[PDB]
J.: 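Please see the structure below; I have some questions.
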Amino acid sequence: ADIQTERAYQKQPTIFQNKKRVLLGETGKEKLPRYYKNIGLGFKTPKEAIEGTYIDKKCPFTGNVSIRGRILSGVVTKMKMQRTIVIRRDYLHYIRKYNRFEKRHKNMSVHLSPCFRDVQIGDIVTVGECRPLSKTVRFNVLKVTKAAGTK
Amino acid sequence: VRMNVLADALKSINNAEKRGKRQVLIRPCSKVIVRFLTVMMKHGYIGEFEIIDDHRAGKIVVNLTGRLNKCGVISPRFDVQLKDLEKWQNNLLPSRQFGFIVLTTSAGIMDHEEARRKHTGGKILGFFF
Amino acid sequence: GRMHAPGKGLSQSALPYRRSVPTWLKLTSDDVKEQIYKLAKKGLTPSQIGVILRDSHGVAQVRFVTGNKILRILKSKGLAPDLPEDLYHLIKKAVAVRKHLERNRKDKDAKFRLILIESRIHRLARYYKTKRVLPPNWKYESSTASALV
Amino acid sequence: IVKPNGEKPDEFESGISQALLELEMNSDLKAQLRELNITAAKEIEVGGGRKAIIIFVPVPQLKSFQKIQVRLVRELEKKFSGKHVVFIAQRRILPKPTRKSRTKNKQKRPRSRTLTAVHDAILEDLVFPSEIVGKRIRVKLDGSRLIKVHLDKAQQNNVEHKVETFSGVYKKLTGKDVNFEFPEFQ
Amino acid sequence: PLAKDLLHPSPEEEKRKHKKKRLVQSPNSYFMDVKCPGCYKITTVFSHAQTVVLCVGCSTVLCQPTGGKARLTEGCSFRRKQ
RNA sequence: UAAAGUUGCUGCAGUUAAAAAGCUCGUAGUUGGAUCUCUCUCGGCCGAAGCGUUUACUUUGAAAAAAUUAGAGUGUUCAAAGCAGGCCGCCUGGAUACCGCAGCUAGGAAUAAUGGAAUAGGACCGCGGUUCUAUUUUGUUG
């Protein structure tokens, strides 16, 4: 697919893609190295990140974002922006006078890289905290676990 | 519909013991009911009981020895820490000399004194005295 | 009590304690399976197949002879119906009530009973969607549900 | 023939296999024992001086073994005189999964592989000619459980003398004390 | 009154109860082998049958469904099993 | 504020004293029957890994201003206080506990939720097929 759907050229800023080509420099292939990094904390770089072609500067694996801070989990509830999803974290808040709990939830707008295709509503996502990416986004989707019902 | 089969079992035992009956039938049986009954029996409060095995959900015939004043359930199963145990004992037990609060802890189902011996907390199932 | 009635009836089957095949019963498990296949090919629901096997062939319980339930056998052979028979009969009853109500518009009792039937239909359909027995997009609409019948 | 699941045959196992091969070669039921097999065998004391021979059988063959178990047990009792013989299917118990189980489970443990189901099946198979018609687990004041099993009235005196070895075998391979009795109301 | 006790017999107090309310539930029905005088083979029929069953070698009405126990035709000798 | 169990979570009431919707259905909310008991470099089966099934709960360990409250010592002449002081240069204190919820951590695995194998694109096992594969050339790479 064409990765150049923007008014400006999309590229990985750390990759030089027009190193000089000559007869010896080209033998039936142009070649294009792919910048990717191994984020920490045991998270493995998805295969599509390594062998993909998308340009996403907020992607944890091939972009310019450092995963540091809280590592949370949520359930995907809305996928209707570009490269951003809304997940819902459900918890119980303890009211002490009644010695009981009440259901509460918080929505979280988190960045989803193009490396995670086939993400559905109800999927569980492990997200990691990064620097502010937009007005409301501060977490990047690190891992996707499909909801029970995969067959 | 019926929730909390242990509540039904304890209410049945209480109602039968208040009428002065020698045995009480409990249905359905469950592991929690059997453990609570075993705790009651180890302290001499009920006596022997028989688990009738039908292929759906067993029944229990509990022999009553009239030493039981009240066996009750605590719903919901509040989580109880070792600090809150004294307050629960003051609330539920008629005296500091006798009576037991039954908890389900990770070490099993046990009275409150045994939970203090093992230095564990858990969830309150009920009480008997 | 009943889900949609003040009735508190107790009438139901009482399975015997023994789970063994009766001594009188000489049909092999495969024989019961072929009888089930024949009855299903005749166009019968699993409840009807079980009733016929109990009444005529002496099969007290198919699960105890074949080690499998009738609907599971029908599915495994590949001739189980598209939607479960309880939901099918609920939809059929709803269709009958709607057909009656079309020509009898002053029957408020029929409208009330239709409301009850469709509530039962929706509850069963939600349960089936939870179990992935029905597709998640399946919905009971009262416009062409007679085709589902 | 004896084929232990861990391929570890024993001298008693060898003698029982030789006896079964003897019934294989010439008997009224020689057509069945050729294709059949036992996983193991062992003896145990049951109390006093009596002895019990637990013949461990693969599960798929148990039903077939139960087709002809009466004559086989009769002939094997005759060959060993006063040691009773009981056929039990070889069943494995998958341990209850935990949060620390290193590597023992990759699929859901079937309920038929659980300890409760295996022990129920052992009790069912240990008493084969007589069908169980009821169970009562009485919990004694010391906390120990005694199982009382009610057996069918169709076959009572044929296995009444067996009520002693049955409890011994169950104690040996299950650890639970059990009493076998016959009810008067069917 | 001293349940499940052998000292005081109660076959009569147990089969009097509702089938579901017994100590261990058990059906009040049975299967019966039926001979038809015109026929020559067994037919195993449920006591509370809901189907008009016919002889497996003929077209004779063995029994008819009723509110409860099915009604057998005359002359057909029926004997309970077990 | 207690008394007020007259706001009732503990712990209230609702036939007649104030009070149960005219009656059903019904989404959210709340609540839900039984059931499953020996694996990475080692010079101590003898340092280690989890790559495997998640939480709630409970216990523990970190981290958590002081002042206040609780609380140890100390004759302010006593006490409220203070953090002093004591002995014939010396001796000694300026403790300790609690710090809820959320976050972090490590044991337990009853209780409660949750998960896999059912068109087997299931577990283990050996076979048929693909790669610069940080060297499989002390020799100038080929």
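What you see below is based on every heavy atom in this structure, not just the backbone, and it leaves out hydrogens, waters and symmetry mates. Naming convention: chains lettered A, B, ... in sequence-line order (proteins, then strands); numbering from 1 in each chain.
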J.: Quantified in whole Å, what is the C1' atom distance between nucleotide F:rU31 and nucleotide F:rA67?
T.: 48 Å
J.: Side chains of D:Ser144 and D:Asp142: do they bring a donor and an acceptor to under 3.5 Å?
T.: yes
J.: Starting the side chain at C-beta, find the nucleotide from F:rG26, F:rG8, F:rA49 nearest to A:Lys97.
T.: F:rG8
J.: Heavy atoms from C-beta onward define the side chain here; which of F:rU37, F:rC25, F:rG122 lies closest to that of C:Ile115?
T.: F:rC25
J.: Do C:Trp138 and C:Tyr128 make the cut of ring centroids closer than 6.0 angstrom?
T.: no
J.: Of the nucleotides F:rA34, F:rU27, F:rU53, which has the atom closest to the D:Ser101 side chain?
T.: F:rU53
J.: Quick one: do the E:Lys19 and E:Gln25 side chains pair a donor with an acceptor below 3.5 Å?
T.: no
J.: Of all the choices, F:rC9, F:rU35, F:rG32, which nucleotide is nearest to the side chain of B:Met3 once you look at every atom?
T.: F:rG32
J.: Using a 3.5 Å limit on both hydrogen-bonding distances, do F:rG73 and F:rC83 make a Watson-Crick or G-U wobble pair?
T.: yes
J.: Determine the interatomic distance between P on F:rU60 and the same-named atom on F:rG107; round to the nearest Å.
T.: 15 Å
J.: Would you state whether a donor and an acceptor, one from the side chain of D:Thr103 and one from the base of F:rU39, lie under 3.5 Å apart?
T.: yes
J.: Reckon B:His119 has a side-chain N or O less than 4.0 Å from the OP1 or OP2 of F:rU60?
T.: yes
J.: For D:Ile122, is there any backbone N or O sitting under 3.5 Å from a side-chain donor or acceptor partner on D:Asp125?
T.: no
J.: With a 3.5 Å cut-off and just heavy-atom distances, do the side chain of A:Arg70 and the base of F:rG103 make a donor-acceptor pair?
T.: no
J.: Expressed as a whole number of Å, how far does the P atom of F:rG115 sit from that of F:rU55?
T.: 15 Å
J.: At less than 4.0 Å, is any side-chain N or O atom of B:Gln81 found next to OP1 or OP2 of F:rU58? Yes or no.
T.: yes
